[PDB]
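Okay, structure first, notes after.
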Amino acid sequence: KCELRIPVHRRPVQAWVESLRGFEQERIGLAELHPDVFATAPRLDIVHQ
Amino acid sequence: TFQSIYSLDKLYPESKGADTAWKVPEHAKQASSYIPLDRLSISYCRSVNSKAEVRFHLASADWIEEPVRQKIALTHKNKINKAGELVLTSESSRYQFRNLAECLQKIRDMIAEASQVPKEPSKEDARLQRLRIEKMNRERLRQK
Amino acid sequence: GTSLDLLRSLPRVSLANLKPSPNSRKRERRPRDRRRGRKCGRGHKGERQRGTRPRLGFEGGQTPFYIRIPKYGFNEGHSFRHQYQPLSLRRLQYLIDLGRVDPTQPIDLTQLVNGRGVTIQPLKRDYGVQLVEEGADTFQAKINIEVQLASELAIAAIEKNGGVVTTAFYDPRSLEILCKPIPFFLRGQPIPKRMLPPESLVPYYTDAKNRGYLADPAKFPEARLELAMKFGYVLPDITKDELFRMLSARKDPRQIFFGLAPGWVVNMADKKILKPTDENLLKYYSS
Amino acid sequence: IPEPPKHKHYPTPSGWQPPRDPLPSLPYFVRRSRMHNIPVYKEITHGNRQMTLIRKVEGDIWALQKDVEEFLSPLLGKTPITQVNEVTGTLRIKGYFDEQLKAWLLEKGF
Amino acid sequence: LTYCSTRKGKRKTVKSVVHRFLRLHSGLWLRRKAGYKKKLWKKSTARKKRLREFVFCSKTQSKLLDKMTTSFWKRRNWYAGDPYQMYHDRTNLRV
RNA sequence: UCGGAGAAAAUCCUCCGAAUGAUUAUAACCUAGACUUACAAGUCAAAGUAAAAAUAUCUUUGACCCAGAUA
RNA sequence: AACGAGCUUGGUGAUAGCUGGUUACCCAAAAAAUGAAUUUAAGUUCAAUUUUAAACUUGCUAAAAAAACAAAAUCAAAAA
Ligand SMILES: [Mg+2]
Ligand SMILES: [Mg+2]
Ligand SMILES: [Mg+2]
Ligand SMILES: [Mg+2]
Ligand SMILES: [Mg+2]
Ligand SMILES: [Mg+2]
Ligand SMILES: [Mg+2]
Ligand SMILES: [Mg+2]
Ligand SMILES: [Mg+2]
């Protein structure tokens, strides 16, 4: 879970936790991601900057 | 607490009390013609300037002495409401503090000018001259 | 956010797909084509076309406009005038409401600077903050605040609500330390003494009606009551107030910080304060 | 920046009030600035073109444009001229309407 | 004037401008009237009154004075008791 | 350089003067709106206030810097 | 081996209001060479024009009487 407080109007974003120990260990956990980091506006001009 | 040669205790040895500045003056609500705020009723109408109105019942009010009350009522009859209260207002500032302050000074000035007799009539302004002359004509017209 | 769903459909973002924001770049024009070549925008041959026109302000030989006007001392002594950043009661209430200034403790220039309520530039001749009457009507906070200058209306608002205001003088060296204490501490010097006002400002800071820090405390009660009568409010007896100890707190005329005496050394690294023991130094700092 | 302290009675004497709870259910959300204020700004360009900007809009920025036009149309007597910058998330309106839009957005609870 | 100085690489103020004109923050410039101290014994009273006044500068003159001074002279100055406190701002200016 | 006059708003077009004094009831301060004008300079002026108990009457010019004289 | 003042290097990329030159395409708009000051008239600065962007509202042609003149322009109600 995110250690900082997510804004109430935004729901968290999530991803599959994986392990490199084995070839098939593609899902061992489920991780929350802060929406304000991993769900920002798709601003490709700022990426260009 | 650190203290230095310029600490207020050393600069002013007599007033070394911790609460000397923060006390409230003893009496002083009687002398200097203090106006009792509680008696007055204050309403702020935001007319841009925030107008302030101070109104009180002149005759009933006892803080003003009766001899002053009679003179004030005659002198400033135009400012007395039908209810008998004396209505004075100020609209010269955007801060109601000064508007209230201007209103209060009018009360103090009105009391003071009534207390002191205005013996001097001063010079007769053209407005007074016109008023006097037209009055004389009315008298002469009514020779009947 | 449907826009993020669009990214899912599109090809990978990479260094080959980058594009600037539209209209972020103008075109640079070189004098190569016929349009901007040839005479290249300089006109027919002459002094201007060869690049040697007279300097700015030259009017072709007649006495220029900026020279025919008489000299007058508009800006005489400008760099030596003192400037005071204006802080209005409206801004002060806004800072208090949003928690950027703590009304429980006394307010000095350090607290205003820490909360970003005011921006001080000592290098640009700032001598501190002046209380400004704007917002007085809607000020409803009980505060203990120290400022360099104050107005009659601003003082009235502070006192009416039950707070205390005093006017105190800080010299240019003291002001920089007060605004930015931590950078000073890292230098490793002992805290310096606070210089008294220049002779011009001595009358201001020794007057009770201005709440001067060098003024006689015995004359404060009369001055405080006078404002109450003038501005139509009842003076509140602050001694009864539970927070009287905080409200009454005032720094010594030679002290920059509330609990730190002149001459101490702040060892931030080890969380210690070092105090001198030499008698001659103590006489110097105690003075 | 410190979180604003809880106040017994709103609006606060300065005028500030926090976003209402429960959240508004509109298609668009207008987020507050890092200082906890409504992100509406008066702007001017060329020395004569007066504009007002609503900036931190999340969700359907076109729904906000529809509401803004209806809200401001009676005051103008004509439809306001507006620009929607979907990349930056801001809505720009011709003319100064910051105070009306600031009050308007407080009622919606943003 | 100097656009790029040898030591600092900066623009330089023309000090003769700073010695004759006052800039209000709104963008206006103030000046005196040429000759207001010259041969007053032969000037009419109305003429002398016109000379004594502080007068504004035109748009082109203001543009020139802006070029001849650096940004330091265009800043806000918070002088206590400033007599031009009210004239650093424009009110009810529609244009 | 500037002012007056003819041609009539052109001219190497034709004339007169000025770098004034005289005259005195001594002719303030402040302030709407205008003229003229590249800029600079130059004109007229209600209201208000103040001296007095009608304005000065005849009809022009030199900027900035820099030096003076004083209270 | 061209002295009213030698030659070489350097200052030096001297300076030149003067002469000469100033390298792809397409689209659009466009003055005028007028007034003023200048050791100024082979130049420059300002006005005036032109132009780009923006703001919001009347502009152009015309224009009765009617004045101002002396006994075709200035002004510009309504309209179109
Ligand atoms: Mg180039
Ligand atoms: Mg500053
Ligand atoms: Mg002029
Ligand atoms: Mg008059
Ligand atoms: Mg030879
Ligand atoms: Mg050359
Ligand atoms: Mg030439
Ligand atoms: Mg010459
Ligand atoms: Mg018409």
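Which residue, C:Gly41, C:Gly232, C:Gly117, tops the fluctuation ranking in a GNM of chain C built on C-alpha contacts under 10 Å?
Maximum fluctuation in the GNM of chain C, among the listed residues, is at C:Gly41.
Mind checking the stretch C:193-287 for trypsin sites (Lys or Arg not before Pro) that DSSP puts in a loop (not H, G, I, E or B) and that have at most 16 other Cβ atoms within 10 Å?
Answer by residue number: C:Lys209, C:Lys240, C:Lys271.
When all alpha-carbon pairs of chain E are counted, what percent fall beyond 23 Å?
42 percent
In whole Å, what three semi-axes, largest first, describe the equivalent ellipsoid of the protein assembly as shown built from its Cα gyration tensor (square root of 5 times each eigenvalue)?
53, 41, 36
Counting other beta carbons within 10 Å of each residue's own, what order do C:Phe184, A:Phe23 fall into, fewest first?
The fewest-first ordering by Cβ neighbours comes to A:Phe23, C:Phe184.
Which FRET efficiency value, to the nearest 0.05, do you get for A:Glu3 and E:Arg75 by plugging their Cβ-Cβ distance into 1/(1 + (r/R0)^6) with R0 = 45 Å?
After rounding to 0.05, the efficiency reads 0.55.
Filter D:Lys8/D:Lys42; D:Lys42/D:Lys108; C:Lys71/E:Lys42 down to the pairs with a C-alpha to C-alpha distance above 26 Å, please.
D:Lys8/D:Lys42
May I ask which of C:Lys26/E:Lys12; B:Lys23/C:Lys209; E:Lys37/E:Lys67 have a Cα-Cα span longer than 18 Å here?
Listed pairs above 18 Å: C:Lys26/E:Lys12; E:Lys37/E:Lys67.
Choose one of C:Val265, C:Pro192, B:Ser93: the residue whose Cα lies farthest towards the positive end of the charge dipole of the protein assembly as shown (beta-carbon charges +1 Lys, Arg; -1 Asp, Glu; about the Cα centre).
Of the listed residues, the answer is B:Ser93.
Which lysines, on any chain, are close to C:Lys124 with Cα under 18 Å apart, when same-chain ones fewer than 8 places away are left out?
Answer for C:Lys124, where 18 Å is the Cα cut-off: C:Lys180, E:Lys74, listed by chain and number.
If you average the alpha carbon positions of the stretch C:239-287 and of the stretch C:128-189, how far apart do those two centres end up, in angstrom?
Cα centres, the stretch C:239-287 to the stretch C:128-189: 19 Å.
For a test of the definition: using alpha carbon positions, the gyration tensor, and the 1.5 limit on a/c, classify the stretch C:1-131 as rounded, prolate or oblate.
oblate
Once you charge only the Cβ atoms, +1 for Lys and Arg and -1 for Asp and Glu, what is the size of the charge dipole of chain D about its Cα centre, to the nearest 20 debye?
Result for chain D is approximately 300 debye, rounded to the nearest 20.
Hey, what does the equivalent ellipsoid look like for the stretch B:27-92, semi-axes from the Cα gyration tensor as sqrt of 5 times each eigenvalue, largest first, whole Å?
Each semi-axis is √(5λ); the values are 22, 17, 10 Å.
What 222 nm value per residue comes from the helices of chain D, counting each DSSP H run with n ≥ 4 as -39,500 (n - 2.57) and dividing by all residues, nearest 500 deg cm²/dmol?
Value at 222 nm, helices only: -8000 deg cm²/dmol.
Once you've got the GNM for chain C with C-alpha springs shorter than 10 Å, pick whichever of C:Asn23, C:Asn210, C:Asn161 has the biggest mean-square fluctuation.
Looking only at C:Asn23, C:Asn210, C:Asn161, the biggest GNM fluctuation is shown by C:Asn23.
Quantify how much of the Cα-Cα distance distribution of chain A extends past 15 Å, in percent.
I get 59 percent for the Cα pairs in chain A exceeding 15 Å.
What distance in nm separates the two pseudo spin-label positions at C:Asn75 and D:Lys78, each 7 Å out from Cα along the beta-carbon direction?
With each label placed 7 Å out from Cα toward Cβ, I get 4.6 nm.
For the stretch B:10-57, with only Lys/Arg (+1) and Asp/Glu (-1) charged at the beta-carbon, what is the dipole magnitude about the Cα centre, in debye rounded to 20?
In total the dipole reaches around 160 debye.
Output the antiparallel fraction of DSSP beta bridges having both residues in the protein assembly as shown, as a percent to the nearest 5.
DSSP beta bridges in the protein assembly as shown are roughly 75 percent antiparallel.
As an exercise, identify the trypsin sites (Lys or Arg not before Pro) in the stretch E:3-58 lying in DSSP coil whose Cβ has no more than 16 other Cβ atoms within 10 Å.
Those that pass, being in a loop and sparsely packed, are E:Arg7, E:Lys8, E:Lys10, E:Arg11, E:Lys12, E:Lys33, E:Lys37, E:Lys38, E:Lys39, E:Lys43.
With a cap of 11 neighbouring Cβ atoms within 10 Å, and only residues DSSP puts in a loop, list the trypsin sites (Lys or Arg not before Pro) found in the stretch D:1-44.
D:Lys6, D:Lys8, D:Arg34
Using only the Cα atoms of chain C, each taken as one equal point scatterer with no solvent, compute I(q) by the Debye sum, divide by I(0), and report log10 of the ratio at q = 0.11 Å⁻¹.
Debye intensities relative to I(0), on a log10 scale: -0.79.
Which peptide among D:99-110, C:129-140 comes first, and what is the full order, when sorted by highest mean count of other Cβ atoms within 10 Å?
Top of the packing list down: C:129-140, D:99-110.
For chain E, build the charge dipole from Cβ charges (+1 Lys, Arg; -1 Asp, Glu) around the Cα centre, then report which of E:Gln61, E:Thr45, E:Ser5 sits farthest towards its positive end.
E:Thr45
What does the convex hull of the alpha-carbon atoms of the stretch C:196-287 project to on average, in nm²?
Quarter of the Cα hull surface area: 9.4 nm².
Rounded to a whole number, what is D in µm²/s for the stretch B:1-112 from Stokes-Einstein with the Kirkwood radius over alpha-carbon pairs (10 °C, 1.306 mPa s)?
In µm²/s, the coefficient rounds to 93.
What number results when the radius of gyration of the stretch B:82-144, computed over Cα atoms, is divided by 2.2 N^0.38 Å?
Compactness ratio reported: 1.79.
What residue among C:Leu18, C:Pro64, C:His44 has its Cα farthest toward the positive end of the dipole of the stretch C:1-68, where the charges are +1 on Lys, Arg and -1 on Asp, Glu, each on the Cβ?
Ranked along the dipole, the leading option is C:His44.
HN-Hα J couplings of the stretch C:252-267 from phi, Karplus 6.51/-1.76/1.60, θ = phi - 60°, integer Hz, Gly and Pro as x?
6, x, 10, 10, 8, 10, 5, x, 10, 7, x, x, 6, 10, 9, 8
Residue by residue through the stretch E:25-30, what is 3J(HN,Hα) from phi via Karplus (6.51 cos²θ - 1.76 cosθ + 1.60, θ = phi - 60°)? Round to whole Hz and write x for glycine and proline.
So the J values, rounded to whole Hz, are 4, 4, x, 7, 10, 10.
Return the FRET efficiency for the residue pair C:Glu28, C:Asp270: r is the Cβ-Cβ distance, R0 is 35 Å, and the value is rounded to the nearest 0.05.
E between C:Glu28 and C:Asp270, to the nearest 0.05, is 0.05.
Straight-line reach from E:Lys43: which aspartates and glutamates fall under 19 Å, measuring Cα to Cα and dropping same-chain residues less than 8 apart?
Output for E:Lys43: E:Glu53.
Going Cα to Cα from D:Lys6, which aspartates and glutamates come in below 18 Å? Please leave out same-chain ones fewer than 8 positions away.
Within the straight-line cut-off, D:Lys6 pairs with C:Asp97, C:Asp102, D:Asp21.
Ranking D:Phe97, E:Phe72 by Cβ neighbours within 10 Å, fewest first, what do you get?
E:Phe72, D:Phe97
Per-residue mean of other chain beta-carbon atoms within 10 angstrom of the beta-carbon, peptide C:15-24?
Per residue, the average neighbour count from other chains is 3.
If you build a Gaussian network model of chain C, linking Cα atoms that sit under 10 Å apart, which residue out of C:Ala16, C:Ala228, C:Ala218 swings the most?
Checking each option, the largest mean-square fluctuation is seen for C:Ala16.
What is the distance, in nm, between label points placed 7 Å from the Cα along the Cα-to-Cβ direction at C:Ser9 and at B:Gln70?
9.7 nm
Note that each Cβ is placed from the backbone with ideal geometry, even for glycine, and that neighbours are counted across all protein chains shown. Each value in this text was obtained by applying a stated rule to the coordinates, not by laboratory testing.
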